[PDB]
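Before any questions on how it binds or moves, here is one chain, the form deposited in one PDB entry, in structure tokens.
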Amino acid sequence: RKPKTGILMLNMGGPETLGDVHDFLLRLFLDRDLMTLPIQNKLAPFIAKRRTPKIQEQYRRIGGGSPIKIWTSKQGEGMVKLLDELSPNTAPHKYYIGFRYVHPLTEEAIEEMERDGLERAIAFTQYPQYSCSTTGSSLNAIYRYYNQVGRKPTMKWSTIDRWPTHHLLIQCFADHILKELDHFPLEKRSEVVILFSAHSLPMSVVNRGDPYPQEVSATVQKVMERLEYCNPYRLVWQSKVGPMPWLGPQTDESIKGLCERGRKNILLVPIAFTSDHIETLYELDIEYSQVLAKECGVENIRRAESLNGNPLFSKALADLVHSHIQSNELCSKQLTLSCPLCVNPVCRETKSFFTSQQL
């Protein structure tokens, strides 16, 4: 039996091996939805080859590459098997992986989606919190596809563009946090500082009105509420890159700063990206961690697990697709509003694309 309802899972993806790094950065620095540079078509191929060594080193430090493709597939299969039982009417359900910077590319997934002749297609972002640089770009890619190809869609599109506070997403964070808290000495458990750490954004993106900072902040509050504020916490921002101003406090500074002030037990929480990724300076570079413990007497710096393959996550995914199908909405109301200082002509077009879909 042919597939009825297709679920396109959107993410930036990641280099499978250190060999895939160059082409990851290449596509990344070419993404005008993410950034605009002078003579970009020529500077991109450069910067990519230029930073490849550095990025290659960082991925080596965490296993040799990104496991996103595998976790997404395993999560997708778990979502589908549950979707076939939850909503018989829209079954069979089939999932497609739509990575932005590496194969299987977004356009490739759409292209294949068109061929299987689906009745309904769902652009399901894998970023719980919305940013024009993440979800925005993935959704813009879909619009850019049909327009670069020159023809209209042959299936009904809709989208789950954000889910910063989905009750089952919150339950998974709380569970992973409790699980890691148990790894600290029993007599220090209540002194542990929970440090929520999300990827920073350049202030120029924040200042034009990106909704990301506000949604990440909302996820954090729901998690602490579920945990009944058992420990103190802070929302900090990691991996800023370059010399320009980025939203702080930086995770690096915060850990050092916190240690210089007596807090020896820290629990980092990946609150805005659901799969493993590049870690922070004090977790990786061993030379810096020594100086740290030698002066501040750092006791424990731990990191909660990523929602990788927790089966309770698949239940979160399927529950979202199910609700979406039952509500008949084409996108959240937040998507109908562009950033106050948006200067990307494609944003409006992508918006209209989804609000204008049939059914």
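Shifts are known only where both forms have a C-alpha. Whichever C-alpha set is largest while still superposing within 1.5 Å between the two forms counts as the rigid core. Numbering starts at 1 and follows the sequence shown.
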Where do the C-alpha atoms have the higher mean temperature factor in this entry, in 31 to 39 or in 326 to 334? 31 to 39
Comparing mean C-alpha B factor in the record for 274 to 282 and 247 to 255, the higher one is 274 to 282
Per the PDB entry, maximal CA B factor within 175, 225, 114, 210: 114
Going by the deposited entry, which of 49, 303, 315, 61 has the highest CA temperature factor? 49
Chain-relative CA temperature factor third for residue 234: lowest
Just say lowest, middle or highest third for the CA B-factor of residue 124 relative to the other modelled residues in its chain. lowest
Relative C-alpha B-factor of residue 77, binned into the chain's lowest, middle or highest third: highest
Would you mind ranking residue 202 by its C-alpha B-factor against the rest of the chain and naming the third, lowest, middle or highest? lowest
Sort the modelled residues of this chain by their C-alpha B factor and say whether residue 262 lands in the lowest, middle or highest third. middle
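Just so it is clear, the following notes concern the form deposited in another entry, a form of the same protein that is not shown.
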After superposing on the rigid core, which residue out of 312, 296, 26, 70 has its C-alpha displaced by 2 Å or more between the shown form and the other one? 296
Core fit, then residue 112 C-alpha moves 2 Å or more between the shown form and the other one: no
Take the rigid core as the frame of reference and indicate whether the C-alpha of residue 175 shifts by 2 Å or more between the shown form and the other one. no
Would the C-alpha of residue 143 be classed as shifted by 2 Å or more between the shown form and the other one after rigid-core alignment? no
Given a change of 3 Å or more, say if the Cα atoms of residue 282 and residue 187 sit closer or farther in the other entry than in this form. farther
Flagged pair residue 279/residue 71: C-alpha distance shifts by 3 angstroms or more in the other entry. Which direction, closer or farther? closer
Can you list the runs, three or more residues long, in which each C-alpha shifts by 2 Å or more between the shown form and the other one once everything is superposed on the core? 277 to 297
